[PDB]
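# A structural walkthrough
Below, each chain spelled out in residue letters.
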Amino acid sequence: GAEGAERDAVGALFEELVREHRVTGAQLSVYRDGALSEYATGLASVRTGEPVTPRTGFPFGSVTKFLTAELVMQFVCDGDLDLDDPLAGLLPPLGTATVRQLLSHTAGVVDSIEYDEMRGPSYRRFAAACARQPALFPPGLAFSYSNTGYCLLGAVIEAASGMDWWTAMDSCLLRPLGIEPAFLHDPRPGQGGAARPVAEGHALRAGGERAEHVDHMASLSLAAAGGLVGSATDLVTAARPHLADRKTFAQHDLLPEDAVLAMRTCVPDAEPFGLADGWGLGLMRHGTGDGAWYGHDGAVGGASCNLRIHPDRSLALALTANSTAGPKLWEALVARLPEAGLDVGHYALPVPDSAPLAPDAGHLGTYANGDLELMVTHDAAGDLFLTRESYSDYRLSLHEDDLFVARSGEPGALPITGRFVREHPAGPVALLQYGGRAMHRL
């Protein structure tokens, strides 16, 4: 009756919005009321004419972290891996951080580290290279999103099992779920056979009439953080053990209820400022109570991927898209899906109520996350600026609750809403965070 009307409205909504934003191809899968809806449209490649099917694999991007987290949590439940063990005992400063902190981006690892020197399936040499990198702050003091943190989780999985991250991801999680494994880069010889049909990425070029193929360079070492390739339906399947009705899922034993709850349980006193309201083990949270949704986002080149889970309503939905318009399709989907009862949570940055504070000349300094750096400066008039290697200076407004807004001097650049973080109420500024990354005051 009325459920059938809703699935029709969703597919009809998905079709309208894919065309309206001219997405090359997309998949939307919704699990709701115990059953699955699978929508798929458009082109896997514009060059090829090949259509998108539910089999077509899309790059998950950073959505890969939810499966890596799921993989890590499996080893914990078999007792093969300790969520609070220090990394030093697992693989010869960063040695005092924990798997639990890595999962939650609270380990103080920088976001990106050059290891284009990796060639095989082992993450062992990569583990060492992280060690020769200054931490952001001591493990546990603040949220900072880190692809490298999850690449270290690949080394952990490899030392905990005796298999490389690819082999373990395949044999321990993808295979029992029914997911055909595919990767941005697979360094193993492996076996042969027909490869899984994959979607290419696309972006509108100047004067172009439709989005065209775009090449993405993705380093091999990012694999455990972003290298998985699969379908909307695959992501919904991996979400199945997280839902209230998980006893109806035949493979619920694959991820026990206690692990599901842990992945969902957010770290206290470490808000992912500028990305979500909370972060758990491989899931972020948008919203707070009955309105709290969990998931993950990702984008590689001209492709995007979004996953969203509401455990209590036993609802999961995933979107894959293979053009740069994917993100606006996700946004329009979030705003319009309410007209079929699917009110996915939103996250908006705070907008400050108050007037700008007096420019504090103790905020001056250089802040850094790995290679990326920002400078808080002032001019001769004593006004605060944010400088950035190849960008116009931003005007820096300081606000209450240690918030700040940086307005760019070039209108095609985005402004930056972030906050400062102190280690102690009486202490000086030690951190700037925005977009869920921290930057260390040097």
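Residues numbered from 1 in each chain as written, not as in the entry; some residues may be left out. Heavy atoms only, no water.

The record names X-ray crystallography as the way this model was obtained, at a resolution of 2.2000 Å.

As named in the PDB entry, the chain is Alpha/beta hydrolase, taken from Streptomyces albidoflavus. Listed as the entry title in the PDB record is "Crystal structure of SurE".

### Focus on unusual backbone geometry
Notably, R22 is not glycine yet its phi reads approximately 50 degrees, a positive angle. Note on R22: relative accessible area 47%, which makes it partly exposed. Phi is positive for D402, which is not a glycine, with a value near 60 degrees. With respect to the helices, strands and loops of the structure, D402 is situated in the loop between β15 (391–398) and β16 (403–408). (Buried < 20%, exposed > 50% of the residue type's maximum accessible area, 1.4 Å probe, protein only. Helix = DSSP H or I, 4+ residues; strand = E, 2+ residues; numbered from the N terminus.)

### Some thoughts on the pairing of strand β13 (residues 372–378)
Looking at chain direction, strand β12 (residues 365–369) and β13 are connected through five bridges and run antiparallel. Residue pairing for β13: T366 is matched across the bridge by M375. Hairpin geometry of β12 and β13 is characterised by an intervening segment of two residues between the two adjacent antiparallel strands and by a positive phi of about 65 degrees at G370. Direction of pairing for β13 relative to strand β14 (residues 384–388): antiparallel, over a ladder of four bridges. Note on β14: the bridge partner recorded for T377 is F385. Two successive antiparallel strands, β13 and β14, enclose a turn made up of five residues, where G382 displays a positive phi of approximately 80 degrees. (Pairing = 2+ DSSP bridges.)

### Examining the packing of helix α2 (residues 64–77) against helix α7 (residues 165–177)
Remark: α2 packs on α7, axes separated minimally by 10 Å, with the N-to-C direction vectors making an angle of 75 degrees. Considering the angle they form, α2 stands roughly perpendicular to α7. Between α2 and α7, the residues in contact are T64, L67, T68, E70, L71, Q74 and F75 and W165, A168, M169, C172, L173 and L174, respectively. Partitioning the contact of α2 with α7 into residue classes produces nine nonpolar, three polar and one charged. (Axes fitted to C-alpha atoms, helices over the stretch in contact; angles between N-to-C directions. Parallel < 35°, antiparallel > 145°, perpendicular 65-115°, else oblique. Contact = heavy atoms within 4.5 Å. Nonpolar A, V, L, I, M, F, W, Y, C, P; charged D, E, K, R; others polar.)

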